[PDB]
file entry_37.pdb (PDB, N, CA and C atoms)
ATOM      1  N   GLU A  14    -191.135 -27.087 -33.307  1.00  0.00           N
ATOM      2  CA  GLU A  14    -190.835 -25.711 -33.687  1.00  0.00           C
ATOM      3  C   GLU A  14    -190.642 -24.881 -32.424  1.00  0.00           C
ATOM      4  N   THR A  15    -189.654 -23.987 -32.413  1.00  0.00           N
ATOM      5  CA  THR A  15    -189.446 -23.148 -31.226  1.00  0.00           C
ATOM      6  C   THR A  15    -189.954 -21.713 -31.376  1.00  0.00           C
ATOM      7  N   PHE A  16    -190.502 -21.196 -30.283  1.00  0.00           N
ATOM      8  CA  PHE A  16    -191.197 -19.923 -30.290  1.00  0.00           C
ATOM      9  C   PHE A  16    -190.759 -19.089 -29.109  1.00  0.00           C
ATOM     10  N   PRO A  17    -190.815 -17.761 -29.263  1.00  0.00           N
ATOM     11  CA  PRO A  17    -190.458 -16.882 -28.149  1.00  0.00           C
ATOM     12  C   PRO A  17    -191.550 -16.830 -27.085  1.00  0.00           C
ATOM     13  N   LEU A  18    -191.204 -16.312 -25.914  1.00  0.00           N
ATOM     14  CA  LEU A  18    -192.168 -16.160 -24.840  1.00  0.00           C
ATOM     15  C   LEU A  18    -193.398 -15.371 -25.287  1.00  0.00           C
ATOM     16  N   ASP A  19    -193.199 -14.339 -26.098  1.00  0.00           N
ATOM     17  CA  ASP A  19    -194.330 -13.461 -26.409  1.00  0.00           C
ATOM     18  C   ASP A  19    -195.369 -14.140 -27.298  1.00  0.00           C
ATOM     19  N   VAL A  20    -194.976 -15.237 -27.933  1.00  0.00           N
ATOM     20  CA  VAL A  20    -195.938 -16.053 -28.661  1.00  0.00           C
ATOM     21  C   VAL A  20    -196.637 -17.019 -27.702  1.00  0.00           C
ATOM     22  N   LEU A  21    -195.852 -17.702 -26.876  1.00  0.00           N
ATOM     23  CA  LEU A  21    -196.389 -18.784 -26.046  1.00  0.00           C
ATOM     24  C   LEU A  21    -197.233 -18.323 -24.847  1.00  0.00           C
ATOM     25  N   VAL A  22    -197.121 -17.048 -24.475  1.00  0.00           N
ATOM     26  CA  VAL A  22    -197.899 -16.491 -23.371  1.00  0.00           C
ATOM     27  C   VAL A  22    -199.397 -16.494 -23.695  1.00  0.00           C
ATOM     28  N   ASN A  23    -199.726 -16.585 -24.979  1.00  0.00           N
ATOM     29  CA  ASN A  23    -201.122 -16.542 -25.421  1.00  0.00           C
ATOM     30  C   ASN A  23    -201.963 -17.744 -25.013  1.00  0.00           C
ATOM     31  N   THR A  24    -203.188 -17.449 -24.562  1.00  0.00           N
ATOM     32  CA  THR A  24    -204.092 -18.410 -23.944  1.00  0.00           C
ATOM     33  C   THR A  24    -205.111 -18.981 -24.919  1.00  0.00           C
ATOM     34  N   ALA A  25    -205.523 -18.180 -25.895  1.00  0.00           N
ATOM     35  CA  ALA A  25    -206.574 -18.600 -26.816  1.00  0.00           C
ATOM     36  C   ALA A  25    -205.999 -19.526 -27.868  1.00  0.00           C
ATOM     37  N   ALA A  26    -206.610 -20.702 -27.984  1.00  0.00           N
ATOM     38  CA  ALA A  26    -206.145 -21.736 -28.896  1.00  0.00           C
ATOM     39  C   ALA A  26    -205.894 -21.156 -30.281  1.00  0.00           C
ATOM     40  N   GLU A  27    -206.734 -20.194 -30.667  1.00  0.00           N
ATOM     41  CA  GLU A  27    -206.645 -19.528 -31.969  1.00  0.00           C
ATOM     42  C   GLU A  27    -205.468 -18.571 -32.135  1.00  0.00           C
ATOM     43  N   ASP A  28    -204.945 -18.050 -31.031  1.00  0.00           N
ATOM     44  CA  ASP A  28    -203.817 -17.130 -31.095  1.00  0.00           C
ATOM     45  C   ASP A  28    -202.476 -17.848 -31.026  1.00  0.00           C
ATOM     46  N   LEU A  29    -202.509 -19.168 -30.899  1.00  0.00           N
ATOM     47  CA  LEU A  29    -201.276 -19.946 -30.822  1.00  0.00           C
ATOM     48  C   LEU A  29    -200.958 -20.600 -32.155  1.00  0.00           C
ATOM     49  N   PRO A  30    -199.661 -20.787 -32.442  1.00  0.00           N
ATOM     50  CA  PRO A  30    -199.253 -21.502 -33.660  1.00  0.00           C
ATOM     51  C   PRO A  30    -199.806 -22.931 -33.656  1.00  0.00           C
ATOM     52  N   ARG A  31    -200.177 -23.431 -34.832  1.00  0.00           N
ATOM     53  CA  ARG A  31    -200.643 -24.819 -34.986  1.00  0.00           C
ATOM     54  C   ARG A  31    -199.718 -25.836 -34.331  1.00  0.00           C
ATOM     55  N   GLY A  32    -198.414 -25.589 -34.431  1.00  0.00           N
ATOM     56  CA  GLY A  32    -197.403 -26.554 -34.025  1.00  0.00           C
ATOM     57  C   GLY A  32    -197.018 -26.516 -32.559  1.00  0.00           C
ATOM     58  N   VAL A  33    -197.810 -25.815 -31.755  1.00  0.00           N
ATOM     59  CA  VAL A  33    -197.599 -25.782 -30.308  1.00  0.00           C
ATOM     60  C   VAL A  33    -198.671 -26.571 -29.551  1.00  0.00           C
ATOM     61  N   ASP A  34    -198.232 -27.510 -28.721  1.00  0.00           N
ATOM     62  CA  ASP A  34    -199.127 -28.164 -27.770  1.00  0.00           C
ATOM     63  C   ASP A  34    -199.384 -27.165 -26.641  1.00  0.00           C
ATOM     64  N   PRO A  35    -200.603 -26.610 -26.582  1.00  0.00           N
ATOM     65  CA  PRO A  35    -200.877 -25.581 -25.569  1.00  0.00           C
ATOM     66  C   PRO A  35    -200.756 -26.072 -24.123  1.00  0.00           C
ATOM     67  N   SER A  36    -200.785 -27.384 -23.903  1.00  0.00           N
ATOM     68  CA  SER A  36    -200.655 -27.934 -22.544  1.00  0.00           C
ATOM     69  C   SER A  36    -199.204 -28.257 -22.167  1.00  0.00           C
ATOM     70  N   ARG A  37    -198.299 -28.099 -23.128  1.00  0.00           N
ATOM     71  CA  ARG A  37    -196.882 -28.371 -22.919  1.00  0.00           C
ATOM     72  C   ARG A  37    -196.045 -27.307 -23.614  1.00  0.00           C
ATOM     73  N   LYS A  38    -196.374 -26.043 -23.382  1.00  0.00           N
ATOM     74  CA  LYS A  38    -195.687 -24.953 -24.070  1.00  0.00           C
ATOM     75  C   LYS A  38    -194.175 -24.926 -23.817  1.00  0.00           C
ATOM     76  N   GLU A  39    -193.754 -25.385 -22.646  1.00  0.00           N
ATOM     77  CA  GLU A  39    -192.335 -25.439 -22.326  1.00  0.00           C
ATOM     78  C   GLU A  39    -191.539 -26.271 -23.347  1.00  0.00           C
ATOM     79  N   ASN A  40    -192.197 -27.243 -23.968  1.00  0.00           N
ATOM     80  CA  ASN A  40    -191.554 -28.075 -24.985  1.00  0.00           C
ATOM     81  C   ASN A  40    -191.175 -27.273 -26.223  1.00  0.00           C
ATOM     82  N   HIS A  41    -191.797 -26.109 -26.378  1.00  0.00           N
ATOM     83  CA  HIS A  41    -191.631 -25.329 -27.605  1.00  0.00           C
ATOM     84  C   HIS A  41    -190.762 -24.091 -27.422  1.00  0.00           C
ATOM     85  N   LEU A  42    -190.187 -23.958 -26.232  1.00  0.00           N
ATOM     86  CA  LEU A  42    -189.090 -23.022 -26.018  1.00  0.00           C
ATOM     87  C   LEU A  42    -187.795 -23.615 -26.584  1.00  0.00           C
ATOM     88  N   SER A  43    -186.888 -22.754 -27.043  1.00  0.00           N
ATOM     89  CA  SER A  43    -185.533 -23.186 -27.372  1.00  0.00           C
ATOM     90  C   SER A  43    -184.881 -23.717 -26.101  1.00  0.00           C
ATOM     91  N   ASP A  44    -183.835 -24.524 -26.238  1.00  0.00           N
ATOM     92  CA  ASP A  44    -183.111 -25.001 -25.059  1.00  0.00           C
ATOM     93  C   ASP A  44    -182.624 -23.843 -24.180  1.00  0.00           C
ATOM     94  N   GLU A  45    -182.154 -22.760 -24.803  1.00  0.00           N
ATOM     95  CA  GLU A  45    -181.606 -21.624 -24.052  1.00  0.00           C
ATOM     96  C   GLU A  45    -182.699 -20.905 -23.279  1.00  0.00           C
ATOM     97  N   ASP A  46    -183.845 -20.733 -23.921  1.00  0.00           N
ATOM     98  CA  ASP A  46    -184.985 -20.119 -23.270  1.00  0.00           C
ATOM     99  C   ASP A  46    -185.496 -21.021 -22.145  1.00  0.00           C
ATOM    100  N   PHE A  47    -185.536 -22.329 -22.378  1.00  0.00           N
ATOM    101  CA  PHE A  47    -186.028 -23.238 -21.330  1.00  0.00           C
ATOM    102  C   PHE A  47    -185.196 -23.096 -20.059  1.00  0.00           C
ATOM    103  N   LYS A  48    -183.877 -23.119 -20.226  1.00  0.00           N
ATOM    104  CA  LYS A  48    -182.963 -22.967 -19.106  1.00  0.00           C
ATOM    105  C   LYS A  48    -183.114 -21.596 -18.449  1.00  0.00           C
ATOM    106  N   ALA A  49    -183.217 -20.558 -19.270  1.00  0.00           N
ATOM    107  CA  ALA A  49    -183.369 -19.203 -18.757  1.00  0.00           C
ATOM    108  C   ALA A  49    -184.619 -19.084 -17.883  1.00  0.00           C
ATOM    109  N   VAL A  50    -185.719 -19.659 -18.359  1.00  0.00           N
ATOM    110  CA  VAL A  50    -187.011 -19.562 -17.686  1.00  0.00           C
ATOM    111  C   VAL A  50    -187.119 -20.463 -16.454  1.00  0.00           C
ATOM    112  N   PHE A  51    -186.728 -21.731 -16.596  1.00  0.00           N
ATOM    113  CA  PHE A  51    -186.960 -22.729 -15.550  1.00  0.00           C
ATOM    114  C   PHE A  51    -185.737 -23.096 -14.716  1.00  0.00           C
ATOM    115  N   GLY A  52    -184.547 -22.784 -15.214  1.00  0.00           N
ATOM    116  CA  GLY A  52    -183.332 -22.991 -14.449  1.00  0.00           C
ATOM    117  C   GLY A  52    -182.951 -24.435 -14.158  1.00  0.00           C
ATOM    118  N   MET A  53    -183.639 -25.392 -14.772  1.00  0.00           N
ATOM    119  CA  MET A  53    -183.311 -26.802 -14.559  1.00  0.00           C
ATOM    120  C   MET A  53    -183.330 -27.515 -15.897  1.00  0.00           C
ATOM    121  N   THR A  54    -182.910 -28.783 -15.923  1.00  0.00           N
ATOM    122  CA  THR A  54    -182.935 -29.549 -17.167  1.00  0.00           C
ATOM    123  C   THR A  54    -184.373 -29.848 -17.571  1.00  0.00           C
ATOM    124  N   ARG A  55    -184.586 -30.157 -18.849  1.00  0.00           N
ATOM    125  CA  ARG A  55    -185.922 -30.527 -19.309  1.00  0.00           C
ATOM    126  C   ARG A  55    -186.411 -31.775 -18.581  1.00  0.00           C
ATOM    127  N   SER A  56    -185.492 -32.700 -18.305  1.00  0.00           N
ATOM    128  CA  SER A  56    -185.847 -33.917 -17.564  1.00  0.00           C
ATOM    129  C   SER A  56    -186.209 -33.636 -16.106  1.00  0.00           C
ATOM    130  N   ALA A  57    -185.427 -32.789 -15.446  1.00  0.00           N
ATOM    131  CA  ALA A  57    -185.698 -32.456 -14.048  1.00  0.00           C
ATOM    132  C   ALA A  57    -187.103 -31.891 -13.936  1.00  0.00           C
ATOM    133  N   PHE A  58    -187.483 -31.092 -14.927  1.00  0.00           N
ATOM    134  CA  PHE A  58    -188.792 -30.445 -14.923  1.00  0.00           C
ATOM    135  C   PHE A  58    -189.907 -31.436 -15.254  1.00  0.00           C
ATOM    136  N   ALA A  59    -189.771 -32.100 -16.395  1.00  0.00           N
ATOM    137  CA  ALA A  59    -190.863 -32.910 -16.947  1.00  0.00           C
ATOM    138  C   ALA A  59    -191.026 -34.224 -16.205  1.00  0.00           C
ATOM    139  N   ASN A  60    -189.906 -34.790 -15.775  1.00  0.00           N
ATOM    140  CA  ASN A  60    -189.918 -36.072 -15.092  1.00  0.00           C
ATOM    141  C   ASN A  60    -189.791 -35.918 -13.586  1.00  0.00           C
ATOM    142  N   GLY A  61    -188.837 -35.094 -13.150  1.00  0.00           N
ATOM    143  CA  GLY A  61    -188.517 -34.981 -11.741  1.00  0.00           C
ATOM    144  C   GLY A  61    -189.619 -34.361 -10.907  1.00  0.00           C
ATOM    145  N   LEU A  62    -190.159 -33.253 -11.395  1.00  0.00           N
ATOM    146  CA  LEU A  62    -191.254 -32.584 -10.701  1.00  0.00           C
ATOM    147  C   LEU A  62    -192.578 -33.290 -10.927  1.00  0.00           C
ATOM    148  N   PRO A  63    -193.424 -33.331  -9.879  1.00  0.00           N
ATOM    149  CA  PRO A  63    -194.808 -33.762 -10.090  1.00  0.00           C
ATOM    150  C   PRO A  63    -195.511 -32.759 -10.993  1.00  0.00           C
ATOM    151  N   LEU A  64    -196.507 -33.227 -11.731  1.00  0.00           N
ATOM    152  CA  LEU A  64    -197.209 -32.372 -12.668  1.00  0.00           C
ATOM    153  C   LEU A  64    -197.807 -31.133 -12.009  1.00  0.00           C
ATOM    154  N   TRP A  65    -198.323 -31.265 -10.786  1.00  0.00           N
ATOM    155  CA  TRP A  65    -198.922 -30.102 -10.134  1.00  0.00           C
ATOM    156  C   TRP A  65    -197.890 -28.988  -9.928  1.00  0.00           C
ATOM    157  N   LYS A  66    -196.640 -29.367  -9.653  1.00  0.00           N
ATOM    158  CA  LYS A  66    -195.555 -28.396  -9.477  1.00  0.00           C
ATOM    159  C   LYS A  66    -195.148 -27.801 -10.829  1.00  0.00           C
ATOM    160  N   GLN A  67    -195.098 -28.641 -11.858  1.00  0.00           N
ATOM    161  CA  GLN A  67    -194.859 -28.166 -13.216  1.00  0.00           C
ATOM    162  C   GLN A  67    -195.888 -27.099 -13.575  1.00  0.00           C
ATOM    163  N   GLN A  68    -197.159 -27.384 -13.301  1.00  0.00           N
ATOM    164  CA  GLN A  68    -198.235 -26.443 -13.610  1.00  0.00           C
ATOM    165  C   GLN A  68    -198.134 -25.142 -12.801  1.00  0.00           C
ATOM    166  N   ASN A  69    -197.857 -25.254 -11.504  1.00  0.00           N
ATOM    167  CA  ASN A  69    -197.674 -24.070 -10.673  1.00  0.00           C
ATOM    168  C   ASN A  69    -196.557 -23.162 -11.204  1.00  0.00           C
ATOM    169  N   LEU A  70    -195.421 -23.756 -11.570  1.00  0.00           N
ATOM    170  CA  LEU A  70    -194.310 -22.970 -12.110  1.00  0.00           C
ATOM    171  C   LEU A  70    -194.682 -22.332 -13.446  1.00  0.00           C
ATOM    172  N   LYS A  71    -195.346 -23.097 -14.300  1.00  0.00           N
ATOM    173  CA  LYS A  71    -195.719 -22.583 -15.610  1.00  0.00           C
ATOM    174  C   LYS A  71    -196.684 -21.404 -15.490  1.00  0.00           C
ATOM    175  N   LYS A  72    -197.588 -21.480 -14.524  1.00  0.00           N
ATOM    176  CA  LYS A  72    -198.489 -20.366 -14.250  1.00  0.00           C
ATOM    177  C   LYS A  72    -197.722 -19.081 -13.891  1.00  0.00           C
ATOM    178  N   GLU A  73    -196.646 -19.217 -13.114  1.00  0.00           N
ATOM    179  CA  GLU A  73    -195.836 -18.056 -12.726  1.00  0.00           C
ATOM    180  C   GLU A  73    -195.099 -17.456 -13.912  1.00  0.00           C
ATOM    181  N   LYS A  74    -194.794 -18.290 -14.896  1.00  0.00           N
ATOM    182  CA  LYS A  74    -194.009 -17.835 -16.036  1.00  0.00           C
ATOM    183  C   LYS A  74    -194.881 -17.435 -17.225  1.00  0.00           C
ATOM    184  N   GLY A  75    -196.186 -17.642 -17.086  1.00  0.00           N
ATOM    185  CA  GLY A  75    -197.154 -17.313 -18.123  1.00  0.00           C
ATOM    186  C   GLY A  75    -197.301 -18.399 -19.175  1.00  0.00           C
ATOM    187  N   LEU A  76    -196.901 -19.619 -18.829  1.00  0.00           N
ATOM    188  CA  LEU A  76    -196.798 -20.688 -19.810  1.00  0.00           C
ATOM    189  C   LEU A  76    -197.755 -21.842 -19.564  1.00  0.00           C
ATOM    190  N   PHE A  77    -198.695 -21.659 -18.643  1.00  0.00           N
ATOM    191  CA  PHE A  77    -199.677 -22.695 -18.348  1.00  0.00           C
ATOM    192  C   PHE A  77    -200.778 -22.724 -19.408  1.00  0.00           C
TER     193      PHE A  77
END

call {"tool": "encode", "arguments": {"input": "entry_37.pdb", "output": "structure tokens"}}
result
Amino acid sequence: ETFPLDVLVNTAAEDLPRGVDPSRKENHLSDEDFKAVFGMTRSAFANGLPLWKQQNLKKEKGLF
């Protein structure tokens, strides 16, 4: 299921939709939002970057 930034920015497990993996919120952005936010392919991000870099970027975008 895809959700807007204003939903996924939420930190409390209870304030998030059931269908969102809170540790992989980027997976629940639309393709257009993912590109807008991260500027790279889903593969470049999830596979290409080391996890620590993925986490650092997500923290900057409010998606960690």

call {"tool": "residues_around", "arguments": {"input": "entry_37.pdb", "residues": "stretch 56-66 of chain A", "least_positions_apart": "4", "cutoff": "10 Å", "atoms": "only C-alpha atoms", "output": "PyMOL selection string"}}
result
chain A and resi 37+39-40+51-52+70-72

call {"tool": "atom_distance", "arguments": {"input": "entry_37.pdb", "atom1": "atom CA of residue A:19", "atom2": "atom CA of residue A:32"}}
result
15.5 Å

call {"tool": "atom_distance", "arguments": {"input": "entry_37.pdb", "atom1": "atom C of residue A:54", "atom2": "atom N of residue A:26"}}
result
26.2 Å

call {"tool": "closest_residue", "arguments": {"input": "entry_37.pdb", "among": "A:42, A:49, A:76, A:33", "to": "residue A:15", "atoms": "only N, CA and C atoms"}}
result
A:42

call {"tool": "residues_around", "arguments": {"input": "entry_37.pdb", "residues": "residue A:77", "least_positions_apart": "6", "cutoff": "6.5 Å", "atoms": "all atoms listed in the file", "output": "PyMOL selection string"}}
result
chain A and resi 35-36+68+71

call {"tool": "resolve_selection", "arguments": {"input": "entry_37.pdb", "expression": "the PyMOL selection byres ((chain A and resi 16) around 6)", "output": "ChimeraX atom specification"}}
result
/A:14-15,17-18,20-21,41-43

call {"tool": "atom_distance", "arguments": {"input": "entry_37.pdb", "atom1": "atom N of residue A:23", "atom2": "atom CA of residue A:55"}}
result
20.4 Å

call {"tool": "closest_residue", "arguments": {"input": "entry_37.pdb", "among": "A:53, A:22, A:48, A:27", "to": "residue A:74", "atoms": "all atoms listed in the file"}}
result
A:22

call {"tool": "axis_aligned_box", "arguments": {"input": "entry_37.pdb", "around": "stretch 68-74 of chain A", "padding_each_side": "4 Å", "output": "JSON"}}
result
{"center_x": -196.2, "center_y": -22.4, "center_z": -13.9, "size_x": 12.5, "size_y": 17.9, "size_z": 14.6}

call {"tool": "select_by_dssp", "arguments": {"input": "entry_37.pdb", "residues": "stretch 22-71 of chain A", "states": "alpha helix (DSSP H)", "output": "list in words"}}
result
residues 44, 45, 46, 47, 48, 49, 50, 51, 55, 56, 64, 65, 66, 67, 68, 69, 70 and 71 of chain A

call {"tool": "decode", "arguments": {"input": "entry_37.pdb", "residues": "stretch 30-60 of chain A", "atoms": "N, CA, C and O atoms", "output": "PDB file, in the first residue's frame"}}
result
ATOM      1  N   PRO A  30       0.077   3.138   9.687  1.00  0.00           N
ATOM      2  CA  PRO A  30      -0.846   2.142   9.125  1.00  0.00           C
ATOM      3  C   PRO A  30      -0.316   0.724   9.358  1.00  0.00           C
ATOM      4  O   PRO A  30       0.901   0.506   9.324  1.00  0.00           O
ATOM      5  N   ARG A  31      -1.221  -0.220   9.604  1.00  0.00           N
ATOM      6  CA  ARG A  31      -0.859  -1.638   9.760  1.00  0.00           C
ATOM      7  C   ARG A  31       0.041  -2.151   8.643  1.00  0.00           C
ATOM      8  O   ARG A  31       0.951  -2.953   8.884  1.00  0.00           O
ATOM      9  N   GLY A  32      -0.226  -1.695   7.422  1.00  0.00           N
ATOM     10  CA  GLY A  32       0.417  -2.228   6.230  1.00  0.00           C
ATOM     11  C   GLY A  32       1.751  -1.603   5.874  1.00  0.00           C
ATOM     12  O   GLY A  32       2.255  -1.797   4.767  1.00  0.00           O
ATOM     13  N   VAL A  33       2.318  -0.843   6.804  1.00  0.00           N
ATOM     14  CA  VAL A  33       3.649  -0.265   6.617  1.00  0.00           C
ATOM     15  C   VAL A  33       4.701  -0.940   7.500  1.00  0.00           C
ATOM     16  O   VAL A  33       4.549  -1.016   8.723  1.00  0.00           O
ATOM     17  N   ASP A  34       5.771  -1.421   6.877  1.00  0.00           N
ATOM     18  CA  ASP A  34       6.947  -1.869   7.617  1.00  0.00           C
ATOM     19  C   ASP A  34       7.679  -0.614   8.092  1.00  0.00           C
ATOM     20  O   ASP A  34       8.271   0.113   7.292  1.00  0.00           O
ATOM     21  N   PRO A  35       7.628  -0.333   9.403  1.00  0.00           N
ATOM     22  CA  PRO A  35       8.243   0.905   9.899  1.00  0.00           C
ATOM     23  C   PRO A  35       9.758   0.986   9.687  1.00  0.00           C
ATOM     24  O   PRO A  35      10.306   2.084   9.738  1.00  0.00           O
ATOM     25  N   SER A  36      10.415  -0.144   9.435  1.00  0.00           N
ATOM     26  CA  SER A  36      11.868  -0.145   9.201  1.00  0.00           C
ATOM     27  C   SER A  36      12.233  -0.013   7.717  1.00  0.00           C
ATOM     28  O   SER A  36      13.408   0.103   7.362  1.00  0.00           O
ATOM     29  N   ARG A  37      11.218  -0.020   6.860  1.00  0.00           N
ATOM     30  CA  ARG A  37      11.411   0.094   5.419  1.00  0.00           C
ATOM     31  C   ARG A  37      10.339   0.995   4.825  1.00  0.00           C
ATOM     32  O   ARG A  37       9.697   0.635   3.847  1.00  0.00           O
ATOM     33  N   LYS A  38      10.145   2.165   5.420  1.00  0.00           N
ATOM     34  CA  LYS A  38       9.080   3.062   4.977  1.00  0.00           C
ATOM     35  C   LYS A  38       9.205   3.483   3.509  1.00  0.00           C
ATOM     36  O   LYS A  38       8.204   3.734   2.845  1.00  0.00           O
ATOM     37  N   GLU A  39      10.432   3.558   3.008  1.00  0.00           N
ATOM     38  CA  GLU A  39      10.653   3.910   1.613  1.00  0.00           C
ATOM     39  C   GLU A  39       9.928   2.955   0.649  1.00  0.00           C
ATOM     40  O   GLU A  39       9.562   3.340  -0.462  1.00  0.00           O
ATOM     41  N   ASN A  40       9.724   1.715   1.078  1.00  0.00           N
ATOM     42  CA  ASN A  40       9.012   0.730   0.263  1.00  0.00           C
ATOM     43  C   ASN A  40       7.552   1.108   0.055  1.00  0.00           C
ATOM     44  O   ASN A  40       6.887   0.608  -0.857  1.00  0.00           O
ATOM     45  N   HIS A  41       7.050   1.991   0.912  1.00  0.00           N
ATOM     46  CA  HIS A  41       5.622   2.311   0.907  1.00  0.00           C
ATOM     47  C   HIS A  41       5.310   3.684   0.326  1.00  0.00           C
ATOM     48  O   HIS A  41       4.165   4.129   0.345  1.00  0.00           O
ATOM     49  N   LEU A  42       6.341   4.339  -0.197  1.00  0.00           N
ATOM     50  CA  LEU A  42       6.146   5.493  -1.066  1.00  0.00           C
ATOM     51  C   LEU A  42       5.731   5.017  -2.463  1.00  0.00           C
ATOM     52  O   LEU A  42       6.131   3.934  -2.894  1.00  0.00           O
ATOM     53  N   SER A  43       4.945   5.829  -3.167  1.00  0.00           N
ATOM     54  CA  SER A  43       4.692   5.596  -4.586  1.00  0.00           C
ATOM     55  C   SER A  43       6.022   5.687  -5.327  1.00  0.00           C
ATOM     56  O   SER A  43       6.961   6.287  -4.826  1.00  0.00           O
ATOM     57  N   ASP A  44       6.099   5.114  -6.523  1.00  0.00           N
ATOM     58  CA  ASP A  44       7.318   5.237  -7.323  1.00  0.00           C
ATOM     59  C   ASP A  44       7.711   6.703  -7.543  1.00  0.00           C
ATOM     60  O   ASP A  44       8.894   7.025  -7.531  1.00  0.00           O
ATOM     61  N   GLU A  45       6.725   7.572  -7.774  1.00  0.00           N
ATOM     62  CA  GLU A  45       7.002   8.985  -8.060  1.00  0.00           C
ATOM     63  C   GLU A  45       7.555   9.689  -6.832  1.00  0.00           C
ATOM     64  O   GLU A  45       8.467  10.501  -6.924  1.00  0.00           O
ATOM     65  N   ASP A  46       6.971   9.388  -5.681  1.00  0.00           N
ATOM     66  CA  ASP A  46       7.448   9.945  -4.430  1.00  0.00           C
ATOM     67  C   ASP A  46       8.846   9.409  -4.116  1.00  0.00           C
ATOM     68  O   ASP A  46       9.705  10.152  -3.656  1.00  0.00           O
ATOM     69  N   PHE A  47       9.078   8.122  -4.360  1.00  0.00           N
ATOM     70  CA  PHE A  47      10.406   7.557  -4.066  1.00  0.00           C
ATOM     71  C   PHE A  47      11.492   8.300  -4.838  1.00  0.00           C
ATOM     72  O   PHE A  47      12.524   8.684  -4.277  1.00  0.00           O
ATOM     73  N   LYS A  48      11.254   8.490  -6.132  1.00  0.00           N
ATOM     74  CA  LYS A  48      12.189   9.206  -6.984  1.00  0.00           C
ATOM     75  C   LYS A  48      12.345  10.660  -6.536  1.00  0.00           C
ATOM     76  O   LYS A  48      13.450  11.188  -6.489  1.00  0.00           O
ATOM     77  N   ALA A  49      11.227  11.301  -6.220  1.00  0.00           N
ATOM     78  CA  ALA A  49      11.254  12.688  -5.776  1.00  0.00           C
ATOM     79  C   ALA A  49      12.117  12.848  -4.523  1.00  0.00           C
ATOM     80  O   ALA A  49      12.928  13.764  -4.434  1.00  0.00           O
ATOM     81  N   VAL A  50      11.943  11.931  -3.576  1.00  0.00           N
ATOM     82  CA  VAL A  50      12.627  11.991  -2.288  1.00  0.00           C
ATOM     83  C   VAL A  50      14.097  11.575  -2.366  1.00  0.00           C
ATOM     84  O   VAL A  50      14.965  12.284  -1.862  1.00  0.00           O
ATOM     85  N   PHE A  51      14.372  10.446  -3.021  1.00  0.00           N
ATOM     86  CA  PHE A  51      15.710   9.851  -3.001  1.00  0.00           C
ATOM     87  C   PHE A  51      16.535  10.056  -4.268  1.00  0.00           C
ATOM     88  O   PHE A  51      17.750   9.882  -4.244  1.00  0.00           O
ATOM     89  N   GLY A  52      15.881  10.410  -5.366  1.00  0.00           N
ATOM     90  CA  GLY A  52      16.585  10.736  -6.592  1.00  0.00           C
ATOM     91  C   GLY A  52      17.328   9.594  -7.272  1.00  0.00           C
ATOM     92  O   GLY A  52      18.081   9.825  -8.212  1.00  0.00           O
ATOM     93  N   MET A  53      17.126   8.364  -6.810  1.00  0.00           N
ATOM     94  CA  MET A  53      17.787   7.216  -7.431  1.00  0.00           C
ATOM     95  C   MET A  53      16.779   6.093  -7.577  1.00  0.00           C
ATOM     96  O   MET A  53      15.654   6.218  -7.091  1.00  0.00           O
ATOM     97  N   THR A  54      17.160   5.010  -8.260  1.00  0.00           N
ATOM     98  CA  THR A  54      16.259   3.870  -8.409  1.00  0.00           C
ATOM     99  C   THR A  54      16.081   3.161  -7.072  1.00  0.00           C
ATOM    100  O   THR A  54      16.907   3.311  -6.172  1.00  0.00           O
ATOM    101  N   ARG A  55      15.003   2.390  -6.941  1.00  0.00           N
ATOM    102  CA  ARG A  55      14.790   1.618  -5.719  1.00  0.00           C
ATOM    103  C   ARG A  55      15.933   0.631  -5.504  1.00  0.00           C
ATOM    104  O   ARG A  55      16.349   0.386  -4.362  1.00  0.00           O
ATOM    105  N   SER A  56      16.446   0.069  -6.598  1.00  0.00           N
ATOM    106  CA  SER A  56      17.581  -0.858  -6.507  1.00  0.00           C
ATOM    107  C   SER A  56      18.875  -0.165  -6.081  1.00  0.00           C
ATOM    108  O   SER A  56      19.620  -0.684  -5.243  1.00  0.00           O
ATOM    109  N   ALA A  57      19.150   0.999  -6.658  1.00  0.00           N
ATOM    110  CA  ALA A  57      20.365   1.736  -6.311  1.00  0.00           C
ATOM    111  C   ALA A  57      20.371   2.005  -4.816  1.00  0.00           C
ATOM    112  O   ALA A  57      21.409   1.945  -4.166  1.00  0.00           O
ATOM    113  N   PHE A  58      19.195   2.313  -4.281  1.00  0.00           N
ATOM    114  CA  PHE A  58      19.066   2.639  -2.864  1.00  0.00           C
ATOM    115  C   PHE A  58      19.171   1.390  -1.991  1.00  0.00           C
ATOM    116  O   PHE A  58      20.021   1.305  -1.091  1.00  0.00           O
ATOM    117  N   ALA A  59      18.320   0.411  -2.275  1.00  0.00           N
ATOM    118  CA  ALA A  59      18.154  -0.744  -1.387  1.00  0.00           C
ATOM    119  C   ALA A  59      19.311  -1.721  -1.504  1.00  0.00           C
ATOM    120  O   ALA A  59      19.700  -2.351  -0.524  1.00  0.00           O
ATOM    121  N   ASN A  60      19.831  -1.860  -2.716  1.00  0.00           N
ATOM    122  CA  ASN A  60      20.912  -2.796  -2.974  1.00  0.00           C
ATOM    123  C   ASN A  60      22.261  -2.103  -3.053  1.00  0.00           C
ATOM    124  O   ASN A  60      23.225  -2.555  -2.437  1.00  0.00           O
TER     125      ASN A  60
END
